[PDB]
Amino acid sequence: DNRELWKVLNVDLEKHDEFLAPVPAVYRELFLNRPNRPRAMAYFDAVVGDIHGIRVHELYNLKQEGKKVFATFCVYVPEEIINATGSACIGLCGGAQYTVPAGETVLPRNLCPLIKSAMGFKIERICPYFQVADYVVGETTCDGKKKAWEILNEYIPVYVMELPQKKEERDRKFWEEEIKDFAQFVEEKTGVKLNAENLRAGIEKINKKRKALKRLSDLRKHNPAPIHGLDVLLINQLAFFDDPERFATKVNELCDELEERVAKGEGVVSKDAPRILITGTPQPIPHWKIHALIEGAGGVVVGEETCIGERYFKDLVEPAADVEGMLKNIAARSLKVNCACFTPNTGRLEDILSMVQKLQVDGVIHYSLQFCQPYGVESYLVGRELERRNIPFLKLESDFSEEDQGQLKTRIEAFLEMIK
């Protein structure tokens, strides 16, 4: 059962129990006791309820079959290539304050919580996913991650993809070559050669998952909102852990239910509630705080311009007949992601403005984690443009510590009061 699996993975059982102990109460308060949630949330509720169970069993069984488990922290790492071989790709961006002090044993305290928390999970041996992973694929995005990989490599082999910092022709070729080098790495480690059939199948599997999430995002444009944003965030978070085929089926089953709600004009709020767009950094599970506060004040979050959100699923791979072309197309897909580690990053602004209009947003909340300098600095020019377009804008920052609620509530609620 679960506890024997964690033992074989060399999980620190006591620290892990301590980490998981408060989670059911929080999930009860923020999810299960919230009314009018779609029936199709039951699958995702059960995933959270056994978050370190059945999926971790699946990954362990894949390794005993000779497959591998690749851990990633950025949407730029090509899931299509890993899944082509029948290995697993999981995303282990950290979202927990519990592990931050452990991360600070080797990292500066003035650093993104996402990075510190992930490092602490691996160091304390608290996470069964991090324990079952064979490899970490890092990328050269923000400063903290780039330099963290050097340290993390002492605990788990880290392969570091060099992502460039512009999107010119030279950059796109450089990234193409990085993608082909990574393809070779995967082949070597798995012993599974990429060919037209298995790469096509891997592309198809991940396009299906993205398409599912795109379908769910689109349904949020309706009025009244058919689903609270917090439920969608959760679903986008679990995209990084779940089986992609099952996950896509369950997302699509939810969309069918939401379509019926839309057809009957049913929603989770009244048509007068303020519709909010979140933009900024990803919110990894269980960093639910900002959604929870907005929707507990009577707002509804109707989209996330973030990598646990729109930036993850909006762009699909285009098909091609051979491996060479599919690999070029996989590189191109990821370079559509308008992350603030690129300069300039004007496409992200275009995305935000388009989402405001497609989602009929009453206000934009720009949320970035403390000490995330790419999104922290870029927030100035984003705010300046939304201001001159008369789009209400609130800039928020926090870390994973859950108890700064009062400060965040006053700022959020004053904003909602203002835009009513």
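From 1 onward, residues are counted along the sequence shown.
Look at the mean CA B-factor for 137-145 and for 279-287 in the entry; the higher one is 137-145. Look at the C-alpha B-factors of 49-57 and of 361-369. On average they run higher in 49-57. Between the residues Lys209, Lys116, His228, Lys328, it is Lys328 that shows the highest Cα B-factor in the PDB record. Annotation for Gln97, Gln237, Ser334, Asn345: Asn345 ranks highest, by Cα B-factor. Annotation for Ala196: C-alpha temperature factor in the middle third relative to the rest of the modelled chain, per the entry. Annotation for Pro319: CA B-factor lies in the middle third of the chain's modelled residues. Residue-level temperature factors show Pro224 in the middle third of its chain, judged at the C-alpha atom. Sorting the modelled residues of the chain by their CA temperature factor places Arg311 in the lowest third. Sort the chain's modelled residues by C-alpha temperature factor and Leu408 lands in the lowest third, per the entry.
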